[PDB]
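Below: the structure, in structure tokens.
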Amino acid sequence: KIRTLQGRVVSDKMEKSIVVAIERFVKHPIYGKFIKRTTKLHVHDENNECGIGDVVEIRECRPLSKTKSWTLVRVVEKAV
Amino acid sequence: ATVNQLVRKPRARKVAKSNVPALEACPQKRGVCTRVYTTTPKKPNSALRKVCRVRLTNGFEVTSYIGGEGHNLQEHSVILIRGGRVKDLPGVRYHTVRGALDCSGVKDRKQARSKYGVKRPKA
Amino acid sequence: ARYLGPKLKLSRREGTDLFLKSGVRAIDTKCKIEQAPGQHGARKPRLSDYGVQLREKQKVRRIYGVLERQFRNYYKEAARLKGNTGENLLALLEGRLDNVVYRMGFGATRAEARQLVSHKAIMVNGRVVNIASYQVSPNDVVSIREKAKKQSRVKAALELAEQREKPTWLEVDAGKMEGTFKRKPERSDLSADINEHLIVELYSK
Amino acid sequence: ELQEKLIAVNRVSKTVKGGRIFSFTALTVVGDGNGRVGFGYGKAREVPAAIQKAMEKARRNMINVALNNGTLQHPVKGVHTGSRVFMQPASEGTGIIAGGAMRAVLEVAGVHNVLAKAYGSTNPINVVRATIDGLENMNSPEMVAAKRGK
Amino acid sequence: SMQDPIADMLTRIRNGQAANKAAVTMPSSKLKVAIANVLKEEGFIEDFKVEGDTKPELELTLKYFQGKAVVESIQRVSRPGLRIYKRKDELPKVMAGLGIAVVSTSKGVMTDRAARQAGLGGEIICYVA
RNA sequence: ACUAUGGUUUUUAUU
RNA sequence: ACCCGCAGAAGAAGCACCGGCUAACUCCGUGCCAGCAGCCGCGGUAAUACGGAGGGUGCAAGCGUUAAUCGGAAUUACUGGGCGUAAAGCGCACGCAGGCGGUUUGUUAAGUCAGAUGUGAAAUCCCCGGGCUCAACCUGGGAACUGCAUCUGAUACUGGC
RNA sequence: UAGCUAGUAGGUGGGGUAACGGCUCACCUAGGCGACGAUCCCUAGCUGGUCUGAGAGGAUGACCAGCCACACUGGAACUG
């Protein structure tokens, strides 16, 4: 493994994919205050059991489609 | 202004206004010249002074100052203009060049004789 | 460039004899030196400190014959490695080949020495040097070439130097017209230990 | 003896009924050359009588400040009526630096040089008051020393 | 304010010096107690005690020594509105070394003198002189 | 407080 | 390149500036004109400011006259503002993405901090050595490129559990 | 400047290359981007660096070293 993250599902409208939101966790480079900053990943998932608002664990890979370079590992917390 | 505002979107300088945008930020600019006439300054500085109406190479016309004694400038003569600040004579931010193109220099300069493109004393 | 024209005007502005036309015409002055630069000074005196600072900027460089750009270029090497710029600058100006050839006695002025250096007559470390922008190394040899040793102007420069005191930071054998430069001098040994508050603020802004 | 320095003197115009009348006003500092200082201001007729009045008021507004061998160890701030001054320790480079009131006040006090800047109201008669407030904003001479032991 | 427990300690001491008081009492916390113990160690207080019946109150006895004042500086550095963190070689040096800076560290509240000798960095809480 | 009322004077050396 | 000679001062000095800021002085002419000018301001009968002067100052193969991009400018404010009245507190309460969050133990190491392995090419400021007649130039070395990665580690506090 | 996007976002079957991929053909879906600024306009090639200033942050990427793109203009092919 090279990169592995946790984030929250925001779109489940796909049969072999999901859209996951992740945080930057960053100091603003001139105003010095900390910010969350939400960035999106389109993630591979062939099981199709994780859903919107659930918390997921994801891993970085070689490209599987255009704009699709990550794949699902686990469902961490279930939001019902 | 707050950091929570500047982190969401930065704010912009307002505005430092430009003096002579008709010169295209060049050190000199050319123009064709129409009419040459006398104009009067603000009365505390009372005198007569001379100007010309100069359409440039670009879309703009300016009222340009003529320094130095001698009237022989003509229409469609094609002359050079420089930005030069005049604050007691109406609408003038611009000076004519005597030392270049279809302009004449000034006679009998006793002091500061390199002005107006005037050469070494021989006359 | 360098200055050209009437010379007594120069000694009059410096308030001091410059060895310019200073034979029997120097004896008990009567030449406006120490009296009258220009012609005015006593009736509408402004006494401006910018004028004394401008006077110091002329005064400090004209003694060495160096121009403004040359003087600020030595000041660039005095202002690095902390301040104390007046003492650190002294070591650079006193290390010049025209100043060293004048202190070895071969010229009656630094300009006469600078004009002997241009005339191919001076050699340092065994080779010929014709620039005054050189800097002499400690325990290195400075010498004059044979075809200049009998010149009436140089004869008179060593004749003037042997009627004055010796600088201790070099030595020369008059039986060879050759010897070594020991060290760059110290501002408190070359004159006295004092503070000059203008030279430490001189040039820039 | 208390040592003197002139900061400024100038002619002052006043337009009255039918004409102008002229005066002179002087800005001065007086100190002991070790740690005691005061600033003076005064209007009169002719320069030497305006300086005389200003020097007489400098000798009436004095303050006494203790400094370890005349140094300003730390960065220090002076305030008076919207005039602000800030002083910083140097690096033995150019070192001096700063002019007018921020040069003269420390000179008649015999105090070692600092890097200095003014803010707010730049009028000299209140900037000088901020400079002698910043002199009093400095710590005890000598304090650590016995406040905290090695 | 409940949003900051350090202003609740520092400004009580500046207002107590402005009131020229010998002792100051505050609502307690492990962090206020850890800071009181190092203010005793660095010679700004002579005593700290925690007393109460249903909630703890921390009472500090201020160490003025030989004249007026206990602080020339008591300045807040890191805050809830802006965090301030330094590495071991970027540690501040308060008032030409006349003052101290207070550092958080993974090993517990210490001086910049102690953090520099340990070879550590962290959050800079305040400056004291 | 102690009668309810009455408009205009060219820009100008210029201190 | 370098070396030695053959002729003759011969082939060579400009340009603003001089009331005050701003160093250089104040005679006569003009009489709000003619002109000056960066800023302040000057010009109607001795004008220190124009013209005309003779003298005087400063840079110098440059000197004056400008433009670009910055500085002075906190004049977009992190460092570093303004809102009672000198610009602007929005008429009041309700809800809300975001910003801040008691008092403690345990867990995590994302923030942070520590130590390693890399990468930040060569050139370059800074700093130490050497050679070209000096510097530039040609360069031997050390700093630095505050970072961004790959391990290992502390665990106080913010975040997460 | 508030909308912009039908190969755009996603699926299901077949192909092409030295390899990635809606690279490409077909059958189905309504997604995706956008106030942390999409659409659109003026301006501008990227980095090492250069460089103003107290410094921040900008400005500036002629020279030397390494990338991008152009070869009057547009669009293809042949060959390695």
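To be explicit about the labels: the chains of the structure tokens are called A, B, and onward in the order shown, and within each one the residues are counted from 1, while ligands get numbers from 1 in the order they are shown.
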Once you count only C-alpha atoms (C1' of nucleotides), what closest atom pair and distance in Å to one decimal does each residue of chain G within 6 Å of chain C have, with rows by chain and rising residue number, as a tab-separated table?
```
residue	atom	partner	partner_atom	distance
G:23	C1'	C:51	CA	5.1
G:133	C1'	C:129	CA	4.9
G:134	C1'	C:134	CA	4.5
```
Could you please select, counting only C-alpha atoms (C1' of nucleotides), the residues of chain H within 7 Å of chain A and state them as a PDB file with N, CA and C atoms (P, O5', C5', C4', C3', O3' and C1' of nucleotides), in the first residue's frame?
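Generated output (out23.pdb):
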```pdb
ATOM      1  P     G H  10     -17.915   8.992 -14.322  1.00  0.00           P
ATOM      2  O5'   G H  10     -19.150   7.979 -14.349  1.00  0.00           O
ATOM      3  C5'   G H  10     -19.834   7.638 -13.151  1.00  0.00           C
ATOM      4  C4'   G H  10     -21.105   6.813 -13.436  1.00  0.00           C
ATOM      5  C3'   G H  10     -20.815   5.391 -13.826  1.00  0.00           C
ATOM      6  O3'   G H  10     -20.576   4.605 -12.636  1.00  0.00           O
ATOM      7  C1'   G H  10     -22.641   6.332 -15.070  1.00  0.00           C
ATOM      8  P     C H  20      -3.625  -1.133 -21.403  1.00  0.00           P
ATOM      9  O5'   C H  20      -3.602   0.169 -20.490  1.00  0.00           O
ATOM     10  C5'   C H  20      -3.364   0.112 -19.088  1.00  0.00           C
ATOM     11  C4'   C H  20      -3.661   1.461 -18.411  1.00  0.00           C
ATOM     12  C3'   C H  20      -5.074   1.910 -18.671  1.00  0.00           C
ATOM     13  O3'   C H  20      -5.936   1.345 -17.670  1.00  0.00           O
ATOM     14  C1'   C H  20      -3.527   3.717 -18.912  1.00  0.00           C
ATOM     15  P     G H  21      -7.430   0.949 -18.007  1.00  0.00           P
ATOM     16  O5'   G H  21      -8.131   2.324 -18.362  1.00  0.00           O
ATOM     17  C5'   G H  21      -8.555   3.251 -17.389  1.00  0.00           C
ATOM     18  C4'   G H  21      -8.996   4.562 -18.066  1.00  0.00           C
ATOM     19  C3'   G H  21     -10.105   4.324 -19.071  1.00  0.00           C
ATOM     20  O3'   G H  21     -11.398   4.353 -18.439  1.00  0.00           O
ATOM     21  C1'   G H  21      -8.389   5.654 -20.018  1.00  0.00           C
ATOM     22  P     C H  36     -17.604  29.064  -0.215  1.00  0.00           P
ATOM     23  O5'   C H  36     -16.351  28.360  -0.901  1.00  0.00           O
ATOM     24  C5'   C H  36     -15.106  29.038  -1.056  1.00  0.00           C
ATOM     25  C4'   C H  36     -13.982  28.090  -1.528  1.00  0.00           C
ATOM     26  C3'   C H  36     -14.411  27.246  -2.740  1.00  0.00           C
ATOM     27  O3'   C H  36     -13.277  26.928  -3.555  1.00  0.00           O
ATOM     28  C1'   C H  36     -13.898  25.870  -0.892  1.00  0.00           C
TER      29        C H  36
END
```
Contact table chain B vs chain E, cut-off 12 Å, shortest pair per residue, only C-alpha atoms, as CSV:
```
residue,atom,partner,partner_atom,distance
B:2,CA,E:81,CA,10.7
B:3,CA,E:81,CA,9.2
B:4,CA,E:81,CA,9.8
```
Checklist entry - Where does DSSP see alpha helix (DSSP H) in chain D, if you list the residues as JSON, numbers by chain? => result {"D": [47, 48, 49, 50, 51, 52, 53, 54, 55, 56, 57, 58, 101, 102, 103, 104, 105, 106, 107, 108, 124, 125, 126, 127, 128, 129, 130, 131, 132, 133, 134, 135, 136]}
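What separates atom CA of residue E:44 from atom CA of residue D:86 is a distance of 27.2 Å.
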Item to check | Long-range neighbours of stretch 1-6 of chain D as a ChimeraX atom specification, 10 Å cut-off, only C-alpha atoms (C1' of nucleotides), 6 positions minimum in chain | outcome: /D:26-33,36-40,51,54-55,58-59,100-101,104-105,107-109
Item to check | Filtered DSSP result for chain D, state strand (DSSP E or B), as a count of residues only | outcome: 55
Next on the checklist: Neighbouring residues of residue D:69 were defined as those with any atom within 12 Å, considering only C-alpha atoms (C1' of nucleotides); residues of the same chain fewer than 3 positions away were excluded. Please report them as a PyMOL selection string.
Outcome noted: chain D and resi 33-35+65-66+72-73+109-112+141-142
Checklist entry - Hey, what's within 10 Å of residue D:93 if we count only C-alpha atoms (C1' of nucleotides) and toss same-chain stuff fewer than 2 positions away? As a ChimeraX atom specification, please? => result /C:79-85 /D:90-91,95-96
Using only C-alpha atoms, tabulate the residues of chain D lying at most 7 Å from any atom of chain E, each with its closest atom pair and that distance in Å to one decimal, by chain and increasing residue number, as JSON lines.
```
{"residue": "D:73", "atom": "CA", "partner": "E:96", "partner_atom": "CA", "distance": 6.2}
{"residue": "D:74", "atom": "CA", "partner": "E:95", "partner_atom": "CA", "distance": 4.7}
{"residue": "D:75", "atom": "CA", "partner": "E:95", "partner_atom": "CA", "distance": 6.6}
{"residue": "D:139", "atom": "CA", "partner": "E:72", "partner_atom": "CA", "distance": 6.9}
{"residue": "D:144", "atom": "CA", "partner": "E:98", "partner_atom": "CA", "distance": 6.5}
{"residue": "D:147", "atom": "CA", "partner": "E:43", "partner_atom": "CA", "distance": 6.9}
{"residue": "D:148", "atom": "CA", "partner": "E:43", "partner_atom": "CA", "distance": 6.2}
```
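Of the residues under consideration (C:142, C:33, C:78, C:136), C:78 shows the shortest atom-to-atom contact distance to chain D when counting only C-alpha atoms.
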12 Å contact set for residue H:67, only C-alpha atoms (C1' of nucleotides), chain neighbours under 5 positions out, as a PDB file with C-alpha atoms (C1' of nucleotides), in the first residue's frame:
```pdb
ATOM      1  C1'   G H  45       3.827  30.144 -21.473  1.00  0.00           C
ATOM      2  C1'   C H  46       6.381  26.435 -16.549  1.00  0.00           C
ATOM      3  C1'   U H  47      10.595  25.710 -12.953  1.00  0.00           C
ATOM      4  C1'   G H  48      15.734  26.567 -11.279  1.00  0.00           C
TER       5        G H  48
END
```
Which neighbours of stretch 3-13 of chain F fall inside 12 Å, counting only C-alpha atoms (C1' of nucleotides), when residues of the same chain fewer than 4 positions from it are skipped, and could you give them as a PDB file with C-alpha atoms (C1' of nucleotides), in the first residue's frame?
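selection-v2.pdb, freshly written:
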```pdb
ATOM      1  CA  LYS B  43      -5.696  83.747 -12.536  1.00  0.00           C
ATOM      2  CA  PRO B  44      -3.243  83.770  -9.513  1.00  0.00           C
TER       3      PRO B  44
ATOM      4  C1'   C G  32       0.960  89.699 -12.421  1.00  0.00           C
ATOM      5  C1'   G G  44       3.094  95.209 -10.122  1.00  0.00           C
TER       6        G G  44
END
```
